[PDB]
Amino acid sequence: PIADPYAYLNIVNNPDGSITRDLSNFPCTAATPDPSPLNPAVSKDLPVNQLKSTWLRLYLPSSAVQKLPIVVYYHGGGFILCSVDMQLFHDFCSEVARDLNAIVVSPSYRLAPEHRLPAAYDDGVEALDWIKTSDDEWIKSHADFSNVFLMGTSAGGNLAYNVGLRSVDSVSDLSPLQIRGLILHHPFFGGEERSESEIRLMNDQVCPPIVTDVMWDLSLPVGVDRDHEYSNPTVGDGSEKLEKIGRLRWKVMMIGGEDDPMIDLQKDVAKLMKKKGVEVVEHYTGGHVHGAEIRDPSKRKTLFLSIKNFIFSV
């Protein structure tokens, strides 16, 4: 059982409210714009916001270099760790582009505690503003603006959900982008009281509650606890934006693993969405730990096939 969450996360507390991250465990890799048989996608980097130092990586199936659906992908890491150019996420997004036959837009976002929530959400929203006005040749030649999906893994799935909530009152300004769906891949949600699955899976070795407590403590706004809507979408009666999501027919795909301590809350978020009139496609798998398909590439294909079916289903 994980005894020390900070050592598990490879972080140290710093006397100004920051943390020191040991990056050596997660190597980064560069974009590769020229097609290569070793690379499932071509990729390139573009800046978004100079003040925030935010940017994004574009991915295109090697074959593309007949417009493709736009999958905006937000990476995971508890809102406190990890980057777009981490090999782990770069390889995943490249295979997403190839196997969905999609253009994948993977935006960076600022990390907590240096930039607590809702900073990441603001950055996730700004990435859509960027797509809408981009003159980039890959966007202009290959991106189907009518078929936008907001995707994310773990914290990125929480991020994608909250970008969806923030876009619902903004749909006029999103044009010529049209959002069709949200794809929530093991989204990072937690509450104050332990859920049934957090108790049952208390000794998880991937993302146990002792570790997520730390991540929420570092990323939530100063002064709030885990029953805030940022971490727990079910508090009260959920957002008053879910019914609108349902009326606009944005579909939501909720992907969860049954050995993830987060699973009870993830399933209850899907229930709430359905009660609010959202069309929810649920994809739950026994024996899968948090981030299963990130850590095990041999699980990716059937996930990608289900996502492709979801995308075609709109």
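Residues numbered from 1 in each chain as written, not as in the entry; some residues may be left out. Heavy atoms only, no water.

Per the deposited record, the coordinates in this entry were obtained by X-ray crystallography to a resolution of 1.85 Å.

## Notes on the overall build of the chain
Condition: Put simply, DSSP H or I for four residues or longer makes a helix, DSSP E for two residues or longer makes a strand, and each gets a number counted from the N terminus. Each radius of gyration is computed over the set of C-alpha atoms, and the globule rule expresses the reference value as 2.2 Å times the number of residues to the power 0.38. Relative accessibility thresholds used throughout: buried, under 20% of the residue-type maximum; exposed, over 50%; partly exposed, between the two (1.4 Å probe, protein chains only). Using a 1.4 Å probe, the Shrake-Rupley method yields the accessible areas, and only the shown protein chains count as cover for residues. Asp and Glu are treated as the negative residues and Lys and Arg as the positive ones, with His and the ends of the chain left uncounted. Working definition for charges: the position is that of NZ of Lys, CZ of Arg, CG of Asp or CD of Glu.
When its secondary structure is counted, the chain shows twelve helices and ten strands. Taking 2.2 N^0.38 as the reference for a compact globule, 314 residues should give roughly 20 Å; the C-alpha atoms of the chain span a radius of gyration of 18 Å, in line with that estimate. In terms of its C-alpha atoms, the chain occupies a principal-axis envelope of roughly 50 × 45 × 40 Å. Looking at the chain as a whole, 55% of its 314 residues are labelled buried. With the model as given, the accessible surface of the chain reaches about 13,100 Å², and the carbon-plus-sulfur share is 51%. Each charge class in the chain can be summarised by its mean position, and for the 30 positive and 42 negative side chains these summaries are 6 Å apart.

## Examining the side chain of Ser106
We apply this condition: Here a polar contact means two N or O atoms within 3.5 Å. Within protein one must be a hydrogen donor candidate and the other an acceptor candidate, and residues neighboring in sequence count only if both atoms are side-chain atoms. We call two residues in contact whenever any of their non-hydrogen atoms come within 4.5 Å of each other.
Mapping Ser106 onto the fold places it in strand 6 (residues 103–107). Among the polar contacts made by the side chain of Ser106, one reaches the main-chain carbonyl oxygen of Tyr73 at a distance of 3.5 Å. Apart from residues no more than four positions distant in its own chain, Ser106 is found in contact with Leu56, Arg57, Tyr59, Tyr73, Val84 and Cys93.

## What about the nonpolar core?
When a protein is soluble and globular, its nonpolar side chains tend to lie buried together. Definition in use: What is meant by a nonpolar core is a set of buried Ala, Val, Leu, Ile, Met, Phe, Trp, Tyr and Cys residues, joined one to another through side-chain atoms within 4.5 Å.
One finds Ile70, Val72, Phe79, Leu128, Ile131, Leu150 and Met273 to be the most contacted residues of the largest nonpolar core, which totals 68 residues. Tallying contributions element by element places helix 5 (residues 155–168) first for this core, with seven residues.

## What to know about the sheet that holds strand 5 (residues 68–74)
As a reminder of what qualifies: In this scheme, strands are said to pair when DSSP sees at least two bridges between them. Only C-alpha atoms enter the line fits that serve as axes; for helices the fit covers just the stretch in contact. Angles between N-to-C directions range over 0 to 180 degrees.
A sheet is described by the order of its strands in space; here eight strands give the open sequence 3-4-6-5-7-8-9-10, paired in mixed fashion. Of all the strands in the sheet, the pair left with one neighbour each is strand 3 (41–49) and strand 10 (280–285). Strand-to-strand twist across the sheet, computed as the mean angle between neighbouring axes with direction ignored, equals 20°. Here strand 7 (residues 143–153) pairs with strand 8 (residues 179–185) via six bridges, running parallel. If you follow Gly152 over to strand 8, its bridge partner there is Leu184.

## A few points about the state of the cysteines
This is how the line gets drawn: Whenever a pair of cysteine sulfur atoms sits within 2.5 Å, that pair is classed as a disulfide.
Following the criterion strictly, the structure yields zero disulfides and no others. Of all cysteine sulfurs, the one in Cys28 lies closest to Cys82, which takes part in no disulfide; the gap is 9.1 Å. With a relative accessible area of 23%, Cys82 lands in the partly exposed category. With no disulfide partner, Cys207 has as its closest neighbouring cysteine sulfur the one in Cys82, 11 Å distant.

## Quick word on the packing of aromatic side chains
For any pair of aromatic rings, the description consists of the separation of the ring centres together with the inter-plane angle of the planes. How we decide: Aromatic contacts are taken between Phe, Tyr and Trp rings whose centres are within 6.5 Å, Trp giving its six-membered ring; a plane angle under 30 degrees counts as stacked, one over 60 as edge-to-face, and the others as tilted. Geometrically, a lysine NZ or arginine CZ counts as sitting over a ring once it is within 6 Å of the ring centre and also within 35 degrees of the ring normal.
By the definition in use, this model includes ten aromatic pairs. Here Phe79 and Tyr109 contribute two aromatic rings whose centre-to-centre distance is 6.4 Å and whose plane-to-plane angle is 65°, an arrangement assigned as edge-to-face. Of the two residues, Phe79 is situated in the loop between strand 5 and helix 2 (87–100) and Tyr109 in the loop between strand 6 and helix 3 (119–133); the sequence distance between them amounts to 30 residues. Judged by centre distance (3.8 Å) and plane angle (10°), the ring pair of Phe188 and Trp216 falls under stacked. With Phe188 in the loop between strand 8 and helix 7 (196–200) and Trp216 in helix 8 (residues 209–219), this residue pair connects regions lying 28 residues apart in the sequence. Note on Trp216: relative accessible area 2%, which makes it buried. One aromatic cluster is present, built from ring pairs that chain together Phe79, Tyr109, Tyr121, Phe188, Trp216 and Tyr230. The ring of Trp138 is capped by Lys44, whose NZ or CZ atom sits 4.5 Å from the centre of that ring.

## A short note on the packing of helix 3 against helix 5
Here is the rule we go by: The cut-offs work like this: below 35 degrees is roughly parallel, past 145 is roughly antiparallel, 65 to 115 is roughly perpendicular, and the gaps in between are oblique. Put simply, a crossing is left-handed when the front helix is turned counterclockwise from the back one by less than a right angle, and right-handed when it is turned clockwise. We call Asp, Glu, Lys and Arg charged. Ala, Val, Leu, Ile, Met, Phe, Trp, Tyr, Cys and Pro are nonpolar, and the rest, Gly among them, are polar.
Two elements in contact, helix 3 and helix 5, have axes separated by 9 Å at closest approach and are oriented at 65°. By the angle class used here, helix 3 and helix 5 are roughly perpendicular. Crossing angle aside, the handedness with which helix 3 passes helix 5 is right-handed. The segment helix 3 lies against helix 5, with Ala120, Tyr121, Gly124, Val125 and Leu128 engaging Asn158, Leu159, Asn162, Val163, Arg166 and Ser167. Here the residues of the contact of helix 3 with helix 5 are counted per class, giving six nonpolar, four polar and one charged.

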